[PDB]
Every structure is written in structure tokens, then in C-alpha cells.
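What follows is a single structure, written as C-alpha cells, with notes after it.
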Amino acid sequence: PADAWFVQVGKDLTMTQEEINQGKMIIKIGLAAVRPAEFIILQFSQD
Amino acid sequence: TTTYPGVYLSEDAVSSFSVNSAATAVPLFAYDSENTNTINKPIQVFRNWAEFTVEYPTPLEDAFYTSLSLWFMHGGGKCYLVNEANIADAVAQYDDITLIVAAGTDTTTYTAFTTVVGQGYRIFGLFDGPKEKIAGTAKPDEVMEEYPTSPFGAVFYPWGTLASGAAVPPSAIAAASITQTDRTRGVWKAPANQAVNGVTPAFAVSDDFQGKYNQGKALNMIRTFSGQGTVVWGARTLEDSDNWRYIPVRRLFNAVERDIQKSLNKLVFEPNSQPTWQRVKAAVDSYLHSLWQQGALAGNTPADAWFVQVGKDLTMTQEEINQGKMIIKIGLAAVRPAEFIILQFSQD
Amino acid sequence: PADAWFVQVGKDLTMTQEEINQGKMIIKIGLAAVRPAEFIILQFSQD
Amino acid sequence: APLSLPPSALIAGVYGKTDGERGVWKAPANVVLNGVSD
Amino acid sequence: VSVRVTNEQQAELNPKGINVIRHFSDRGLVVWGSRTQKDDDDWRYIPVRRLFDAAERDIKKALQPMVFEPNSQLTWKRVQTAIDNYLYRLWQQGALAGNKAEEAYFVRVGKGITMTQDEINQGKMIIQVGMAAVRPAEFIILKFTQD
């Protein structure tokens with residue numbers, strides 16, 4: 001579940017020293033949701 | 001396409017393929033155009049002995065009536081009967097002809113035989129011999145220039161006489177020996193020592209008159225022994241070259257390709273790619289491996305007996321792939337008859 | 001009586017996969033019959 | 001009397017089967033025309 | 001029958017595969033031959049055609065209730081199992097020509113196998129399934145030998 005989302009907050013990965021002096025506290029998180037299986041195709045073979 | 005939501009399903013695109021065996025014996029015979037006691041229809045199709053009797057109710061004496069009665073009596077199957085002006089049409093249509101025998105016709109038959117060879121139909125005829133009684137005083141060659149030299153055919157001299165009725169041309173006697181051979185044990189064995197029944201040869205030839213007619217060309221006499229009788233003797237084709245002698249080694253290559261060419265007609269216009277090359281290579285050698293255990297072609301370590309190769313740079317380089325060509329080559333070593341058996345004594 | 005006859009039928013001892021797809025079902029059985037004692041020879045000795 | 005027909009109509013439908021199972025990259029030749037006299 | 005067929009033209013009509021109603025003396029009329037029309041080694045037999053035609057129609061009717069569910073991983077193992085327990089019951093009643101191993105089905109629904117990431121976004125699933133049907137046994141060949 002480190003692959004499913006990520007959260008990061010720091011001092012030099014984001015929001016460097018000058019925009020800390022303006023008060024800003026910026027973060028970013030990103031995650032991958034699920035999607036419906038609208039189309040279901042199925043393949044027959046011989047093996 | 002994937003237009004609307006729901007459950008779709010697809011199936012496989014292509015399946016496996018393999019070759020089907022053979023037929024190995026469908027002859028067409030030599031009718032005579034000037035003959036009277038017969039039908040004016042050029043092409044007749046006979047399947048067994050039943051309809052031949054209802055078409056011909058009376059026993060006749062002509063060379064064709066004595067020939068089909070000798071074909072069916074030793075088994076036989078689906079055989080045709082065409083006039084001697086329409087061989088070049090009947091072979092190109094019916095797609096299963098193997099033998100062109102001569103029922104007492106020589107002059108106009110040899111031209112129509114070498115015609116369908118000229119287009120490369122991969123056929124094997126067989127001819128008649130001279131009429132009666134080579135005196136044997138001299139002249140070993142002058143009886144042999146009236147026969148078209150080709151690796152297709154033999155002559156079968158001694159003119160068996162069919163002591164029941166009138167004479168029988170020896171093309172019918174040779175064609176009856178092939179019928180009880182391929183049904184019994186394969187096509188790679190020569191129609192050589194399987195005996196025929198009800199036919200006696202008119203002459204007694206020799207032990208040594210076979211000898212001077214064994215080189216150059218292939219008289220292939222019909223000689224009667226003690227015990228086994230009226231048997232055929234000698235299986236040799238018209239040339240003497242070390243690639244093409246021994247009639248069974250000709251018919252082996254003649255019937256190992258008429259089943260591959262028949263099968264690959266449903267594989268043309270297929271994409272010339274990598275999954276094709278590994279599928280034909282894996283389908284041909286599975287037919288040869290079934291043919292190696294049966295004793296048709298000789299050799300241990302069956303990578304030594306044959307070879308199959310197909311690729312991108314070993315054969316058919318990039319420019320002739322762009323022209324569409326798909327060329328292969330396979331090569332195999334067949335068996336040959338043990339015509340001469342010599343044996344050495346010593347003391348050790 | 002395993003020596004008198006033999007019967008065998010299978011998948012790779014006989015009738016491999018491609019000729020199964022053509023429908024063929026091939027077998028082979030082999031057996032050794034009896035033969036008449038047409039000639040009877042008999043030997044005398046002294047031991 | 002049977003009427004003739006220029007074959008540009010029914011040959012469009014045979015491109016609709018080859019792209020179904022085999023795809024675009026297969027040349028339609030061995031496909032069999034479905035329903036004709038001669 | 002209307003016209004009496006014999007064995008010598010049975011040889012011609014059994015290729016270009018069409019079937020035949022035969023007449024026998026001891027048992028009367030009987031149907032004969034079970035070959036379909038087009039003659040590649042894919043499907044030349046009636047039951048091999050009709051076995052794949054019935055196995056699809058039963059699984060396609062029951063996947064229709066689940067046609068808008070999310071494409072996560074716990075849905076994949078629940079579908080792959082309900083297909084696994086359908087071919088196994090059909091295998092152990094003598095309809096899939098496999099030996100005493102498992103090799104009659106390879107149903108797989110994963111994401112690393114059989115799919116990848118970019119067709120999840122145009123919502124799809126791929127069910128690679130395959131069987132090994134049984135062929136009818138005709139042309140029984142004896143080939144007696146001496147030893």
C-alpha cells in the first residue's frame with residue numbers, strides 16, 4: 001500500500017525557505033482509485 | 001468493436017494443421033478410339049466389379065476387357081477408362097490420377113504421357129514391351145529406342161497369356177502387383193515378389209537373358225520359379241543414374257509431396273511472420289516421424305534421416321520477403337531395394 | 001500368460017496427438033499360437 | 001433469367017469478417033463467398 | 001429410406017463433410033457420421049463444436065449480474081475461482097480429454113499477466129480460458145501381428 005497512495009511533507013522536497021517566510025504550508029498527496037469493469041471480453045483457446 | 005456495455009466474447013483465430021495420408025493407386029486405362037464393341041463415350045468411371053458387368057454383359061476378347069478383369073480380380077478400386085486422345089484433359093481435372101498404363105497402345109500413348117509430365121503433374125506411367133520372342137542372337141539396343149526415356153515408367157516384356165482366355169498386356173499384370181502391395185505393406189516396397197494368380201507367362205525366358213537387359217534400360221522380365229510362381233521380377237526405371245533408379249524410391253518421393261501440396265492450399269495468403277515459420281516446421285516433421293518408425297526411410301538418430309529448415313536469413317532474405325515469396329527446403333534419405341545379395345565365407 | 005500375448009493402447013506409445021485430432025483410434029495386439037507336431041523324432045542313448 | 005451484379009457490393013461484407021477474428025493484418029483470400037450460384 | 005446408399009459412394013460423401021442415413025439388416029435404419037461442414041482441424045466434429053457452444057452460454061449468463069463492479073483485485077480472485085470450479089466438475093465426469101494431471105484449463109485474470117494498466121482506464125477485463133475437448137473414436141484399426 002505504499003504503491004496505492006503517497007503522502008509527503010517536508011522542508012526542501014516541498015515549500016522551500018522563502019515561501020515558509022510568507023506563511024504558506026503546501027502539501028501534495030496522490031492516490032489511484034478503482035474504475036468500473038464496463039466491458040467484459042473473454043477469450044477461448046485450446047491448450 | 002466495443003460499442004455498448006455488456007459481456008463480449010471472442011475465440012481463437014487459427015488452429016493447428018497436418019497432412020492427410022494418401023490414395024496411392026488410382027489408374028486410368030488406355031481405350032482404343034477405333035474400337036467397335038464399346039461405347040462412344042470417351043470417359044467412363046468404374047468403381048467396382050458390379051457396374052462393369054451390367055455395362056458389359058458378354059465376355060469379350062479385346063485387350064481392355066482382359067485388362068480390367070485382371071485389375072478387379074486382384075482387389076482393385078476406383079479406376080477410370082479414357083480414350084487415347086484425352087489423357088491431357090483427364091489428368092488435369094480429376095486430381096487423383098497416379099498410374100497411366102497402356103492396354104496394348106504404343107504409338108499415340110507415348111506422346112500423351114510425356115505431355116502431362118511437361119507441365120509437372122508428378123505422375124508415374126508404365127508401358128508395354130515388344131510383342132513376341134526376342135531371338136537373343138544379337139541386337140540388345142534396337143528394341144529400346146521406341147520408348148520415351150524418362151524416370152517414369154517400365155516395360156514388363158514377357159506378355160502373360162491368361163490361360164483361361166486370350167492374351168493380357170503386361171501393364172495390367174504390373175498394375176495388379178502394386179494393388180496388393182500398398183494395401184499390404186506400404187508404398188516404399190517394390191512391387192517385386194508379391195505373386196499374382198491366374199496368369200501364366202507365354203514364354204520361358206532364361207536365367208541369363210535377364211542379365212544383358214539389366215543395364216542401360218530396364219526390361220524387367222516376368223519369370224516363373226519353383227514354389228512361388230508367375231511372379232514379377234526386377235524393379236528398375238528407364239535411366240541408370242544413382243539418384244533415379246529403383247521404382248519404389250521414385251514412388252516414395254512421388255507420394256510424399258502430393259499430400260503436402262494438397263494440404264497447404266488452405267495456408268496461402270497467410271501472414272509471412274515468425275509464428276508461421278515455427279508452425280509449418282513443427283507440422284512437417286511430425287509427419288516424417290510417423291513415417292520413420294514405419295520403416296519407409298532409413299537412418300538412426302532421426303535428425304540424420306531428414307532435415308527441415310525455415311527462417312529469415314538462412315533462407316528467403318529480406319527483399320524476396322517483400323515480394324511475398326515464402327520458400328522452404330526439406331531433404332530426406334529413402335530406402336533402396338537389396339537387389340543383389342553377395343555373401344563371403346572365410347576361416348577365423 | 002503375459003508372455004503368451006500382449007495388448008497395449010495409450011496416448012504416446014501409440015496414436016500420437018495429431019492423429020487423435022483426425023479421429024483415429026489405433027491399437028495393436030500380438031499373440032503366439034500353437035503348431036502341429038508334424039514330425040516326431042526320438043533319440044536313444046546310453047547314460 | 002438470373003440477373004448479373006457488379007461484385008463491389010458483397011465484397012465489402014467480407015472485409016467485415018476478416019477484421020473480426022483475424023484482424024486487419026490478414027489478407028482476405030481463403031474466405032468463402034456466402035451464397036451465390038456461379 | 002428413399003434411396004438406398006452403399007459403401008462405395010459412402011467413400012465420396014464422407015469427405016466434403018455431409019452426413020448420411022444408413023440402412024442395416026440386423027438393426028434397421030441408423031444415422032451415421034458426425035462431421036460438420038468446413039474441414040480444418042480446428043472444428044471438424046459436431047460435439048467439439050457443441051461443447052464450446054454450451055460452456056460459453058452458461059458462464060456468460062451468470063457474469064451478467066456482475067457487469068459494473070469495480071476492477072480491483074478481490075473481484076479477480078472471486079471470478080477466477082467460480083470458473084475454476086466449473087471446469088473441474090466437468091473434467092471429472094469424462095468430457096475434457098486430459099490425463100491425470102490438471103492440464104485442462106489455465107484460466108487467469110491477473111493484471112501483470114493477461115492485461116496491463118492502460119486498458120483499465122477504458123474499463124475492460126480479459127478472461128483467457130481454454131479447454132482440451134475429447135474427440136470421437138472412428139476408424140478403429142487392429143493391425144494384428146505374429147509377434
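Identifiers for the C-alpha cells are assigned positionally: chains receive A, B, ... in sequence, residues are indexed from 1 per chain, and ligands are indexed from 1 in the order shown.
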
If you take only C-alpha atoms and a cut-off of 9 Å, which residues of chain A touch chain E, and what are their nearest atom pairs and distances in Å to one decimal, in chain and number order, as a tab-separated table?
residue	atom	partner	partner_atom	distance
A:34	CA	E:70	CA	6.0
A:35	CA	E:70	CA	5.4
A:36	CA	E:70	CA	4.3
A:37	CA	E:123	CA	5.0
A:38	CA	E:123	CA	5.3
A:39	CA	E:124	CA	4.8
A:40	CA	E:125	CA	5.0
A:41	CA	E:126	CA	5.5
A:42	CA	E:127	CA	4.4
A:43	CA	E:128	CA	5.1
A:44	CA	E:130	CA	5.2
A:45	CA	E:130	CA	4.5
A:46	CA	E:130	CA	5.2
A:47	CA	E:130	CA	6.2

- Running DSSP on the backbone, which parts of chain C land in alpha helix (DSSP H), as a list in words?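 Answer for chain C restricted to alpha helix (DSSP H) is residues 17, 18, 19, 20 and 21 of chain C.
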
- Taking only C-alpha atoms into account, which residues of chain B are within 8 Å of chain D, as a ChimeraX atom specification? /B:10-13,266,268-271

Residues from the last selection, N, CA and C atoms, saved as a short mmCIF file (atom, residue, chain, number, x, y, z; two decimals), in the first residue's frame:
data_model
loop_
_atom_site.label_atom_id
_atom_site.label_comp_id
_atom_site.auth_asym_id
_atom_site.auth_seq_id
_atom_site.Cartn_x
_atom_site.Cartn_y
_atom_site.Cartn_z
N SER B 10 -14.70 -13.40 -27.51
CA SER B 10 -14.01 -13.78 -28.73
C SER B 10 -13.51 -15.22 -28.61
N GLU B 11 -13.08 -15.78 -29.73
CA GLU B 11 -12.50 -17.12 -29.73
C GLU B 11 -11.12 -17.12 -30.38
N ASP B 12 -10.55 -18.30 -30.57
CA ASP B 12 -9.24 -18.43 -31.19
C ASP B 12 -9.31 -18.04 -32.66
N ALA B 13 -8.18 -17.56 -33.18
CA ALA B 13 -8.10 -17.16 -34.58
C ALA B 13 -7.74 -18.35 -35.47
N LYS B 266 -4.82 -24.41 -48.15
CA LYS B 266 -5.57 -23.61 -47.19
C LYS B 266 -4.66 -22.78 -46.29
N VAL B 268 -2.20 -20.58 -47.92
CA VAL B 268 -1.72 -19.45 -48.70
C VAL B 268 -2.43 -18.17 -48.25
N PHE B 269 -1.84 -17.03 -48.61
CA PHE B 269 -2.30 -15.71 -48.19
C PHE B 269 -2.29 -15.54 -46.67
N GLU B 270 -1.53 -16.37 -45.95
CA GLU B 270 -1.35 -16.23 -44.52
C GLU B 270 -0.16 -15.32 -44.24
N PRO B 271 -0.15 -14.59 -43.12
CA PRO B 271 0.95 -13.64 -42.87
C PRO B 271 2.29 -14.34 -42.71
#

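CA of residue 17 in chain D sits 17.0 Å away from CA of residue 3 in chain B.
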
- For residue 17 in chain E, list every protein, DNA or RNA residue within 10 Å, evaluated using only C-alpha atoms, and leave out those in the same chain fewer than 6 positions away; present the list as number ranges by chain. E: 33-39, 44-45

- Which distance in Å separates CA of residue 124 in chain B and CA of residue 65 in chain B, to one decimal?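 Distance between the two atoms: 22.8 Å.
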
- DSSP strand (DSSP E or B) selection over chain C, as number ranges by chain: C: 5-8, 25-26, 28-31

For those residues, write N, CA, C and O atoms to a file as an mmCIF file, in the first residue's frame.
data_model
loop_
_atom_site.group_PDB
_atom_site.id
_atom_site.type_symbol
_atom_site.label_atom_id
_atom_site.label_comp_id
_atom_site.auth_asym_id
_atom_site.auth_seq_id
_atom_site.Cartn_x
_atom_site.Cartn_y
_atom_site.Cartn_z
ATOM 1 N N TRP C 5 0.592 -63.457 -24.914
ATOM 2 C CA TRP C 5 0.053 -62.385 -25.738
ATOM 3 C C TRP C 5 0.513 -61.052 -25.162
ATOM 4 O O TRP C 5 1.170 -60.993 -24.119
ATOM 5 N N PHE C 6 0.156 -59.969 -25.849
ATOM 6 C CA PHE C 6 0.249 -58.638 -25.269
ATOM 7 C C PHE C 6 -0.799 -57.734 -25.897
ATOM 8 O O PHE C 6 -1.096 -57.842 -27.089
ATOM 9 N N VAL C 7 -1.356 -56.846 -25.076
ATOM 10 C CA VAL C 7 -2.301 -55.825 -25.509
ATOM 11 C C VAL C 7 -1.812 -54.482 -24.987
ATOM 12 O O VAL C 7 -1.408 -54.374 -23.821
ATOM 13 N N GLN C 8 -1.826 -53.468 -25.847
ATOM 14 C CA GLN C 8 -1.414 -52.130 -25.447
ATOM 15 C C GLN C 8 -2.236 -51.089 -26.191
ATOM 16 O O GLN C 8 -2.527 -51.240 -27.381
ATOM 17 N N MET C 25 -8.313 -44.168 -33.858
ATOM 18 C CA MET C 25 -8.036 -44.888 -32.615
ATOM 19 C C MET C 25 -7.381 -46.214 -32.989
ATOM 20 O O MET C 25 -8.074 -47.198 -33.257
ATOM 21 N N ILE C 26 -6.051 -46.245 -33.010
ATOM 22 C CA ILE C 26 -5.315 -47.414 -33.479
ATOM 23 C C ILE C 26 -4.822 -48.207 -32.277
ATOM 24 O O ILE C 26 -4.423 -47.633 -31.253
ATOM 25 N N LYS C 28 -2.765 -52.265 -31.281
ATOM 26 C CA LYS C 28 -2.087 -53.445 -31.803
ATOM 27 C C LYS C 28 -1.995 -54.494 -30.706
ATOM 28 O O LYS C 28 -1.606 -54.185 -29.575
ATOM 29 N N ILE C 29 -2.369 -55.728 -31.042
ATOM 30 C CA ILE C 29 -2.216 -56.876 -30.156
ATOM 31 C C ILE C 29 -1.484 -57.982 -30.905
ATOM 32 O O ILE C 29 -1.622 -58.132 -32.123
ATOM 33 N N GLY C 30 -0.689 -58.754 -30.167
ATOM 34 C CA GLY C 30 0.060 -59.840 -30.765
ATOM 35 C C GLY C 30 0.151 -61.063 -29.878
ATOM 36 O O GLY C 30 0.353 -60.948 -28.664
ATOM 37 N N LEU C 31 0.003 -62.246 -30.472
ATOM 38 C CA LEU C 31 -0.112 -63.481 -29.713
ATOM 39 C C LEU C 31 0.521 -64.615 -30.504
ATOM 40 O O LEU C 31 0.586 -64.572 -31.736
#

Each residue of chain B with at least one atom at most 7 Å from chain E should appear once, together with its nearest atom pair and the corresponding distance in Å (one decimal); atoms considered: only C-alpha atoms; ordering: chain, then increasing residue number; output as JSON lines.
{"residue": "B:6", "atom": "CA", "partner": "E:67", "partner_atom": "CA", "distance": 6.6}
{"residue": "B:7", "atom": "CA", "partner": "E:64", "partner_atom": "CA", "distance": 6.9}
{"residue": "B:15", "atom": "CA", "partner": "E:42", "partner_atom": "CA", "distance": 5.2}
{"residue": "B:16", "atom": "CA", "partner": "E:41", "partner_atom": "CA", "distance": 6.3}
{"residue": "B:17", "atom": "CA", "partner": "E:41", "partner_atom": "CA", "distance": 5.9}

- Message: Need the shell around range 33-38 of chain D: protein/DNA/RNA residues with any atom at most 9 Å away, counting only C-alpha atoms. Skip same-chain ones fewer than 5 positions apart. Format as a VMD selection string?
- Response: chain D and resid 10 to 11 14

- Write out as a PyMOL selection string each polymer residue whose atoms come within 9 Å of residue 325 in chain B, counting only C-alpha atoms; drop sequence neighbours fewer than 4 positions from it. chain B and resi 272+316+320-321

- Message: Which residue is closest to residue 28 in chain B? Choose from B:289, B:336, B:78, B:279 and count only C-alpha atoms.
- Response: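 Closest residue, counting only C-alpha atoms: B:78.
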
- Message: Set the distance at 8 Å and use only C-alpha atoms: which residues neighbour residue 187 in chain B once local chain neighbours fewer than 2 positions away are removed? I'd like the list as a PyMOL selection string.
- Response: chain B and resi 24+181-182+185+189-190+248+251-252

- Message: Residues of chain C were defined as contacting chain B if any atom lay at most 9 Å from it, counting only C-alpha atoms; please report them as a PyMOL selection string.
- Response: chain C and resi 18-19+22

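Here CA of residue 229 in chain B is placed at a distance of 8.1 Å from CA of residue 196 in chain B.
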